[PDB]
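Heads up, the chain below is alone and in the form deposited in one PDB entry; it's given as structure tokens.
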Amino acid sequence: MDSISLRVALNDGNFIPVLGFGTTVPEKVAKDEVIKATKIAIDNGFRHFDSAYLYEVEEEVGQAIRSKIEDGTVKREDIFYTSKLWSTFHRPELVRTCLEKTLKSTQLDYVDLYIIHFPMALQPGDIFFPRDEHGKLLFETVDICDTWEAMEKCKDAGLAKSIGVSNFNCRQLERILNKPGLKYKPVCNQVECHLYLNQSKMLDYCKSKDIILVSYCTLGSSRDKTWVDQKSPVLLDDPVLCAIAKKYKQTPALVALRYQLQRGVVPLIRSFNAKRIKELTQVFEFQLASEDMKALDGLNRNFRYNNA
């Protein structure tokens, strides 16, 4: 349902910005002074940011937000922040610790969204992926509905403005939303989507239950990418995609954006280079014809470039 303007309805009668930014592993050159890169993000309009416990940037991303509410650029109501509850911290009697641990470290007043980062729950502790000495990980059975009971509580507790899920599919999704006595329903489902795994099936489902598919790896990432094995498919160098983004001029990042935006999906861009965060404010100076949309709503393999 069409997007492309600055803000959008989200369940709770709360409004998300439509195009977002992400934070994680970096560029060798210049390295992990991420504060600077989030500064060439809010100095551009970029108001919705996405982080996690796991790829902690928080302490130093929190701070650049907490510097523009000092320049006199931002005023809080204007800043939307996603963070995530971690797999270890999934055990119900403790959820809120991850949240506080998330909020002290950001120096932000509270968070705007908190989401279920995984059904995959591992035991409580100090190492974020405790493999069982070896093999795979020590995992323990806590419950998905239960962590959601333990999520709503916190909104109702004023600590995080809205709640949502991530990496859930239609089976884990339906469950969240089917449990006894649910109160605050899901907003987003930050699954990975883009032209080569653009879930037409999650879209004609998320939307049925007002769940807003926010997406990572929208522009394919490609640089370095710590999961590359297949000696083949660099999508933002693809045939069709490097055609249409000449038929409407400038190289295929902006079409990678444009399409998803145009489907009515809330994308996440990562960057650090000023340059590629700036070609992306252009994502609204373009347009997309339906023939083309279908010549784009065609590229899909179904290869998940990120894997569990």
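Just so we're on the same page, rigid core means the largest C-alpha set that superposes within 1.5 Å between forms. Residues carry their position along the shown sequence, with the first being 1.
As for the form solved in complex with a small molecule, it is not shown, yet the points below apply to it.
Taking the partner from elsewhere, residue 216 is found to have a heavy atom lying within 4.5 Å of the small molecule in the bound PDB entry. Proximity of residue 63 to the small molecule in the bound PDB entry: non-hydrogen atoms within 4.5 Å are absent; the residue sits far from the partner. Although the partner is absent here, residue 259 is not a contact residue: none of its heavy atoms lies within 4.5 angstroms of the small molecule in the bound PDB entry. When the small molecule is considered in the bound PDB entry, residue 227 lines it closely, a heavy atom lying within 4.5 Å. From the list 90-98, 218-226, 142-150, 71-79, the contact stretch for the small molecule in the bound PDB entry under a 4.5 Å heavy atom rule is 218-226. Proximity to the small molecule in the bound PDB entry, taken as a non-hydrogen atom within 4.5 angstroms, holds for one residue of 268, 241, 265, 41, which is 268. Contact check for 236, 273 and 279: all three have a heavy atom within 4.5 Å of the small molecule in the bound PDB entry. Once the cores line up, the CA of residue 136 ends up 2 angstroms or more apart between this form and the one not shown. In a rigid-core overlay of the protein, residue 178 has its C-alpha displaced by under 2 Å between this form and the one not shown. After superposition on the rigid core, displacement of the C-alpha of residue 25 between this form and the one not shown amounts to 2 Å or more.
Compared with the form shown here, the Cα atoms of residue 225 and residue 256 move at least 3 Å farther apart in the bound PDB entry.
The Cα-Cα distance between residue 40 and residue 225 is lengthened by 3 Å or more in the bound PDB entry relative to the form shown here.
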